[PDB]
(Lines of atoms letter the chains of each structure in order from A and count residues from 1; the text may use other names and numbers.)
(Lines give C-alpha, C1' and ligand atoms only; values in the text may rest on other atoms or scores of the structure.)
Protein backbone atom coordinates (compact mmCIF):
# COMPACT_ATOMS: atom_id res chain seq x y z
CA UNK A 1 0.00 0.00 0.00
CA UNK A 2 2.62 2.70 0.82
CA UNK A 3 3.82 2.75 -2.79
CA UNK A 4 0.23 2.65 -4.08
CA UNK A 5 -0.47 5.65 -1.85
CA UNK A 6 2.67 7.27 -3.22
CA UNK A 7 1.63 6.79 -6.83
CA UNK A 8 -2.00 7.95 -6.43
CA UNK A 9 -0.73 11.10 -4.71
CA UNK A 10 1.92 11.90 -7.29
CA UNK A 11 -0.47 11.17 -10.20
CA UNK A 12 -2.96 13.67 -8.73
CA UNK A 13 -0.96 16.42 -6.99
CA UNK A 14 1.99 16.85 -9.37
CA UNK A 15 -0.31 17.96 -12.26
CA UNK A 16 -2.35 20.09 -9.85
CA UNK A 17 0.78 22.00 -8.81
CA UNK A 18 1.84 22.56 -12.42
CA UNK A 19 -1.67 23.63 -13.53
CA UNK A 20 -2.22 26.02 -10.61
CA UNK A 21 1.43 27.21 -10.45
CA UNK A 22 1.57 26.39 -6.74
CA UNK A 23 5.00 27.39 -5.33
CA UNK A 24 5.02 25.03 -2.36
CA UNK A 25 2.73 22.28 -1.07
CA UNK A 26 2.55 19.77 1.78
CA UNK A 27 0.14 16.84 1.72
CA UNK A 28 -0.71 14.34 4.45
CA UNK A 29 -2.74 11.22 3.69
CA UNK A 30 -4.22 9.40 6.67
CA UNK A 31 -4.61 5.79 5.59
CA UNK A 32 -5.91 3.28 8.14
CA UNK A 33 -5.25 5.93 10.77
CA UNK A 34 -1.52 6.35 9.87
CA UNK A 35 -0.07 9.48 8.17
CA UNK A 36 1.97 9.57 4.96
CA UNK A 37 3.65 12.88 4.08
CA UNK A 38 4.55 14.48 0.75
CA UNK A 39 6.16 17.85 0.06
CA UNK A 40 6.83 19.87 -3.09
CA UNK A 41 8.35 23.17 -4.02
CA UNK A 42 9.35 26.11 -1.85
CA UNK A 43 8.29 27.73 1.41
CA UNK A 44 10.29 30.85 0.48
CA UNK A 45 10.96 31.20 -3.26
CA UNK A 46 13.47 34.04 -3.05
CA UNK A 47 15.59 32.00 -0.64
CA UNK A 48 14.88 28.63 -2.32
CA UNK A 49 13.89 27.12 1.06
CA UNK A 50 11.91 23.95 0.26
CA UNK A 51 8.70 22.94 1.95
CA UNK A 52 9.34 20.38 4.71
CA UNK A 53 7.21 18.58 7.29
CA UNK A 54 7.86 21.46 9.71
CA UNK A 55 6.91 24.31 7.33
CA UNK A 56 4.09 26.50 8.75
CA UNK A 57 1.22 27.35 6.42
CA UNK A 58 -1.68 29.73 7.02
CA UNK A 59 -4.84 27.65 7.39
CA UNK A 60 -7.26 30.48 6.68
CA UNK A 61 -10.84 29.32 7.34
CA UNK A 62 -9.70 25.80 8.26
CA UNK A 63 -9.13 27.64 11.54
CA UNK A 64 -12.93 27.50 11.95
CA UNK A 65 -12.68 23.77 12.66
CA UNK A 66 -10.51 24.55 15.69
CA UNK A 67 -13.02 27.23 16.77
CA UNK A 68 -15.91 24.76 16.34
CA UNK A 69 -14.18 22.10 18.44
CA UNK A 70 -13.23 24.64 21.12
CA UNK A 71 -16.88 25.72 21.29
CA UNK A 72 -17.94 22.07 21.51
CA UNK A 73 -15.53 21.58 24.41
CA UNK A 74 -17.14 24.57 26.17
CA UNK A 75 -20.57 23.00 25.64
CA UNK A 76 -19.31 19.74 27.15
CA UNK A 77 -17.89 21.61 30.13
CA UNK A 78 -21.34 23.11 30.76
CA UNK A 79 -20.02 26.65 30.16
CA UNK A 80 -22.36 27.49 27.25
CA UNK A 81 -25.33 26.08 25.39
CA UNK A 82 -25.83 26.69 21.69
CA UNK A 83 -29.43 27.72 22.35
CA UNK A 84 -28.19 30.58 24.59
CA UNK A 85 -28.94 34.14 23.32
CA UNK A 86 -25.93 36.04 22.09
CA UNK A 87 -26.92 38.77 24.53
CA UNK A 88 -26.24 36.39 27.46
CA UNK A 89 -22.50 36.70 26.65
CA UNK A 90 -22.55 40.31 25.34
CA UNK A 91 -25.02 42.41 27.38
CA UNK A 92 -23.99 45.61 25.60
CA UNK A 93 -25.54 44.20 22.40
CA UNK A 94 -28.86 45.85 23.19
CA UNK A 95 -30.18 46.43 19.65
CA UNK A 96 -33.53 44.77 18.96
CA UNK A 97 -32.56 42.67 15.94
CA UNK A 98 -30.44 40.49 18.27
CA UNK A 99 -33.46 39.15 20.17
CA UNK A 100 -33.58 35.49 19.23
CA UNK A 101 -30.06 35.29 17.71
CA UNK A 102 -28.23 32.47 19.55
CA UNK A 103 -24.73 31.04 19.76
CA UNK A 104 -25.92 28.27 17.42
CA UNK A 105 -26.85 30.87 14.83
CA UNK A 106 -23.45 32.56 15.07
CA UNK A 107 -21.55 29.24 14.96
CA UNK A 108 -23.45 27.96 11.93
CA UNK A 109 -23.88 31.17 9.85
CA UNK A 110 -27.65 31.21 10.35
CA UNK A 111 -28.06 34.47 12.28
CA UNK A 112 -29.79 36.09 9.28
CA UNK A 113 -27.19 37.54 6.96
CA UNK A 114 -24.15 38.63 8.95
CA UNK A 115 -21.61 39.67 6.29
CA UNK A 116 -18.73 37.60 4.99
CA UNK A 117 -16.10 39.91 6.50
CA UNK A 118 -15.92 42.19 9.48
CA UNK A 119 -15.21 45.58 7.83
CA UNK A 120 -11.53 46.58 7.80
CA UNK A 121 -12.38 49.90 9.49
CA UNK A 122 -13.39 47.88 12.60
CA UNK A 123 -10.32 48.19 14.83
CA UNK A 124 -11.33 48.78 18.46
CA UNK A 125 -13.70 46.96 20.79
CA UNK A 126 -16.06 49.93 20.51
CA UNK A 127 -15.87 49.69 16.70
CA UNK A 128 -16.89 46.05 16.91
CA UNK A 129 -19.91 46.74 19.13
CA UNK A 130 -21.05 49.59 16.86
CA UNK A 131 -20.76 47.23 13.84
CA UNK A 132 -22.97 44.51 15.30
CA UNK A 133 -25.33 47.03 16.96
CA UNK A 134 -25.98 48.65 13.57
CA UNK A 135 -26.20 45.48 11.46
CA UNK A 136 -29.61 44.99 9.80
CA UNK A 137 -30.48 41.33 9.17
CA UNK A 138 -31.81 40.32 5.78
CA UNK A 139 -33.47 37.14 7.17
CA UNK A 140 -35.03 35.88 10.39
CA UNK A 141 -32.69 33.78 12.63
CA UNK A 142 -32.37 30.15 11.68
CA UNK A 143 -33.73 30.35 8.14
CA UNK A 144 -30.82 31.07 5.77
CA UNK A 145 -27.17 30.01 5.85
CA UNK A 146 -24.77 32.71 4.66
CA UNK A 147 -21.12 31.81 5.24
CA UNK A 148 -19.58 34.63 7.28
CA UNK A 149 -16.39 35.28 9.24
CA UNK A 150 -18.31 37.92 11.19
CA UNK A 151 -20.67 35.12 12.38
CA UNK A 152 -18.41 32.27 13.51
CA UNK A 153 -15.73 34.78 14.53
CA UNK A 154 -18.14 36.26 17.07
CA UNK A 155 -19.20 32.76 18.15
CA UNK A 156 -15.60 31.95 19.05
CA UNK A 157 -15.06 35.18 20.97
CA UNK A 158 -18.20 34.69 23.03
CA UNK A 159 -17.87 30.90 23.59
CA UNK A 160 -14.71 31.42 25.67
CA UNK A 161 -16.12 34.07 27.96
CA UNK A 162 -17.37 31.87 30.84
CA UNK A 163 -13.88 30.32 30.98
CA UNK A 164 -12.29 33.69 31.76
CA UNK A 165 -9.58 32.86 29.22
CA UNK A 166 -8.75 34.77 26.07
CA UNK A 167 -9.61 32.94 22.88
CA UNK A 168 -5.92 32.21 22.27
CA UNK A 169 -5.34 30.90 25.82
CA UNK A 170 -8.48 28.74 25.68
CA UNK A 171 -7.44 27.27 22.32
CA UNK A 172 -3.87 26.55 23.44
CA UNK A 173 -4.71 24.95 26.76
CA UNK A 174 -7.93 23.14 25.80
CA UNK A 175 -7.24 22.02 22.20
CA UNK A 176 -3.64 22.51 21.01
CA UNK A 177 -1.82 21.16 24.06
CA UNK A 178 -3.96 18.08 24.88
CA UNK A 179 -3.64 17.01 21.23
CA UNK A 180 0.13 17.68 21.21
CA UNK A 181 -0.18 20.27 18.40
CA UNK A 182 3.18 21.78 19.31
CA UNK A 183 3.72 23.65 16.04
CA UNK A 184 0.25 25.15 15.67
CA UNK A 185 -0.08 28.85 16.43
CA UNK A 186 -2.49 31.72 16.39
CA UNK A 187 0.49 34.06 16.72
CA UNK A 188 3.74 32.61 15.38
CA UNK A 189 6.51 33.11 17.96
CA UNK A 190 9.66 35.01 17.08
CA UNK A 191 11.66 31.78 17.47
CA UNK A 192 9.41 30.02 14.94
CA UNK A 193 9.34 32.59 12.10
CA UNK A 194 12.10 30.58 10.40
CA UNK A 195 9.59 27.87 9.48
CA UNK A 196 6.79 30.21 8.40
CA UNK A 197 6.29 29.96 4.63
CA UNK A 198 5.61 33.06 2.61
CA UNK A 199 2.25 33.20 0.88
CA UNK A 200 2.25 34.28 -2.78
CA UNK A 201 -0.41 36.33 -4.58
CA UNK A 202 0.14 37.77 -8.09
CA UNK A 203 3.90 38.17 -7.66
CA UNK A 204 3.77 39.41 -4.04
CA UNK A 205 5.10 37.61 -0.96
CA UNK A 206 2.46 38.07 1.74
CA UNK A 207 1.31 37.05 5.23
CA UNK A 208 -2.24 37.49 6.54
CA UNK A 209 -2.98 41.00 7.90
CA UNK A 210 -4.42 41.53 11.39
CA UNK A 211 -8.17 41.94 11.51
CA UNK A 212 -10.98 41.84 14.01
CA UNK A 213 -11.86 38.30 15.15
CA UNK A 214 -9.03 36.94 12.94
CA UNK A 215 -7.90 34.33 15.52
CA UNK A 216 -11.44 32.92 15.68
CA UNK A 217 -12.21 32.94 11.94
CA UNK A 218 -8.99 32.49 9.92
CA UNK A 219 -5.83 33.06 11.98
CA UNK A 220 -4.26 29.63 12.73
CA UNK A 221 -0.92 28.56 11.22
CA UNK A 222 0.17 24.94 11.42
CA UNK A 223 2.53 22.33 9.97
CA UNK A 224 1.58 19.35 7.83
CA UNK A 225 2.41 17.05 10.81
CA UNK A 226 0.13 18.90 13.25
CA UNK A 227 -2.68 18.98 10.69
CA UNK A 228 -2.34 15.21 10.19
CA UNK A 229 -2.69 14.81 13.94
CA UNK A 230 -5.73 17.13 13.86
CA UNK A 231 -7.33 14.90 11.21
CA UNK A 232 -6.43 11.83 13.28
CA UNK A 233 -8.08 13.40 16.35
CA UNK A 234 -11.23 14.28 14.42
CA UNK A 235 -11.36 10.82 12.75
CA UNK A 236 -11.18 8.97 16.06
CA UNK A 237 -12.34 11.16 18.97
CA UNK A 238 -12.70 8.11 21.24
CA UNK A 239 -8.87 7.90 21.42
CA UNK A 240 -8.75 11.32 23.14
CA UNK A 241 -8.54 11.05 26.92
CA UNK A 242 -9.72 14.55 27.86
CA UNK A 243 -13.44 13.85 28.08
CA UNK A 244 -14.82 17.29 27.28
CA UNK A 245 -12.46 17.60 24.30
CA UNK A 246 -13.55 14.17 23.06
CA UNK A 247 -17.16 15.32 23.37
CA UNK A 248 -16.35 18.69 21.74
CA UNK A 249 -14.92 16.99 18.68
CA UNK A 250 -18.07 14.92 18.49
CA UNK A 251 -20.32 17.96 18.90
CA UNK A 252 -18.48 19.80 16.11
CA UNK A 253 -19.48 16.97 13.73
CA UNK A 254 -23.12 16.92 14.86
CA UNK A 255 -25.51 17.88 12.06
CA UNK A 256 -27.35 21.06 13.10
CA UNK A 257 -28.78 22.22 9.74
CA UNK A 258 -29.23 20.75 6.27
CA UNK A 259 -29.03 22.64 3.03
CA UNK A 260 -29.08 20.68 -0.19
CA UNK A 261 -26.92 17.61 0.44
CA UNK A 262 -24.69 19.34 2.99
CA UNK A 263 -24.93 19.42 6.79
CA UNK A 264 -23.53 22.24 8.87
CA UNK A 265 -21.53 21.33 11.96
CA UNK A 266 -19.42 23.59 14.18
CA UNK A 267 -16.70 24.67 11.74
CA UNK A 268 -16.81 21.31 9.96
CA UNK A 269 -19.22 20.72 7.09
CA UNK A 270 -20.47 17.22 6.29
CA UNK A 271 -22.13 15.15 3.57
CA UNK A 272 -23.17 11.49 3.59
CA UNK A 273 -20.49 9.09 2.32
CA UNK A 274 -20.15 7.91 -0.43
CA UNK A 275 -20.49 11.39 -1.82
CA UNK A 276 -21.24 12.51 -5.37
CA UNK A 277 -17.95 14.32 -6.07
CA UNK A 278 -19.74 16.77 -8.42
CA UNK A 279 -21.70 18.00 -5.39
CA UNK A 280 -18.65 18.84 -3.25
CA UNK A 281 -16.51 20.07 -6.16
CA UNK A 282 -19.18 22.43 -7.54
CA UNK A 283 -20.32 23.34 -4.05
CA UNK A 284 -16.85 24.64 -3.17
CA UNK A 285 -16.94 27.25 -5.94
CA UNK A 286 -17.69 30.67 -4.45
CA UNK A 287 -20.83 30.89 -6.64
CA UNK A 288 -22.32 28.27 -4.29
CA UNK A 289 -20.11 28.43 -1.16
CA UNK A 290 -20.71 32.16 -0.68
CA UNK A 291 -24.41 32.12 -1.63
CA UNK A 292 -27.29 32.40 0.81
CA UNK A 293 -29.10 29.05 1.05
CA UNK A 294 -32.24 28.05 2.98
CA UNK A 295 -31.66 25.74 5.92
CA UNK A 296 -33.80 23.30 7.75
CA UNK A 297 -33.06 22.56 11.44
CA UNK A 298 -32.22 19.05 12.47
CA UNK A 299 -33.84 18.06 15.75
CA UNK A 300 -32.23 16.84 17.81
CA UNK A 301 -28.94 17.50 15.96
CA UNK A 302 -27.76 14.21 14.48
CA UNK A 303 -24.85 12.75 16.47
CA UNK A 304 -21.67 12.67 14.35
CA UNK A 305 -22.25 10.20 11.52
CA UNK A 306 -19.30 7.87 10.83
CA UNK A 307 -20.21 7.43 7.13
CA UNK A 308 -19.62 11.10 6.36
CA UNK A 309 -17.37 13.18 4.11
CA UNK A 310 -16.24 15.81 6.63
CA UNK A 311 -14.32 18.71 5.20
CA UNK A 312 -13.33 22.38 5.27
CA UNK A 313 -11.63 24.71 2.78
CA UNK A 314 -9.51 27.61 3.89
CA UNK A 315 -7.76 30.58 2.28
CA UNK A 316 -5.84 33.72 3.03
CA UNK A 317 -4.45 36.17 0.49
CA UNK A 318 -1.38 33.96 -0.06
CA UNK A 319 -2.43 30.44 1.04
CA UNK A 320 -4.94 27.74 0.12
CA UNK A 321 -5.70 24.75 2.37
CA UNK A 322 -8.15 21.86 2.43
CA UNK A 323 -8.96 19.07 4.85
CA UNK A 324 -11.29 16.11 4.23
CA UNK A 325 -11.81 12.83 6.07
CA UNK A 326 -14.17 9.86 6.32
CA UNK A 327 -14.46 8.50 9.90
CA UNK A 328 -15.90 5.13 8.79
CA UNK A 329 -12.83 4.45 6.64
CA UNK A 330 -10.16 5.93 8.95
CA UNK A 331 -9.19 7.88 5.85
CA UNK A 332 -8.37 11.53 5.33
CA UNK A 333 -6.18 14.09 3.60
CA UNK A 334 -4.66 17.52 4.37
CA UNK A 335 -3.49 19.78 1.52
CA UNK A 336 -1.58 22.94 2.45
CA UNK A 337 -0.30 25.35 -0.21
CA UNK A 338 1.21 28.83 -0.26
CA UNK A 339 -1.03 30.04 -3.04
CA UNK A 340 -4.80 30.60 -2.82
CA UNK A 341 -5.86 28.53 -5.85
CA UNK A 342 -9.51 27.73 -6.67
CA UNK A 343 -11.34 25.45 -4.19
CA UNK A 344 -12.86 23.07 -6.80
CA UNK A 345 -9.33 22.10 -7.88
CA UNK A 346 -8.48 21.24 -4.24
CA UNK A 347 -11.68 19.26 -3.65
CA UNK A 348 -11.43 17.31 -6.92
CA UNK A 349 -7.80 16.38 -6.16
CA UNK A 350 -8.57 15.35 -2.56
CA UNK A 351 -11.60 13.33 -3.65
CA UNK A 352 -9.57 11.61 -6.42
CA UNK A 353 -7.04 10.50 -3.81
CA UNK A 354 -9.44 9.26 -1.12
CA UNK A 355 -11.69 7.60 -3.74
CA UNK A 356 -8.70 5.66 -5.01
CA UNK A 357 -7.86 4.46 -1.48
CA UNK A 358 -11.30 3.49 -0.15
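Positions refer to the first chain, counted from 1.
In this entry, the higher average B-factor at the C-alpha atoms falls on 126 to 134, of the pair 126 to 134 and 150 to 158. Stretches 74 to 82 and 116 to 124 differ in mean CA B factor, with 116 to 124 having the higher one. Per the PDB entry, 164 shows the highest C-alpha temperature factor of the residues 265, 277, 219, 164. Comparing C-alpha B-factors across 269, 214, 272, 239 in the deposited entry, the largest value falls on 239. The entry lists a Cα temperature factor for residue 342 that places it in the lowest third of the chain's modelled residues.
Split the chain's modelled residues into thirds by C-alpha temperature factor. Residue 40 is in the highest one. The entry lists a Cα temperature factor for residue 108 that places it in the lowest third of the chain's modelled residues. Looking at the C-alpha B-factors along this chain, the one for residue 303 belongs to the lowest third.
Compared with the other modelled residues of the chain, the Cα B-factor recorded for residue 31 ranks in the highest third.
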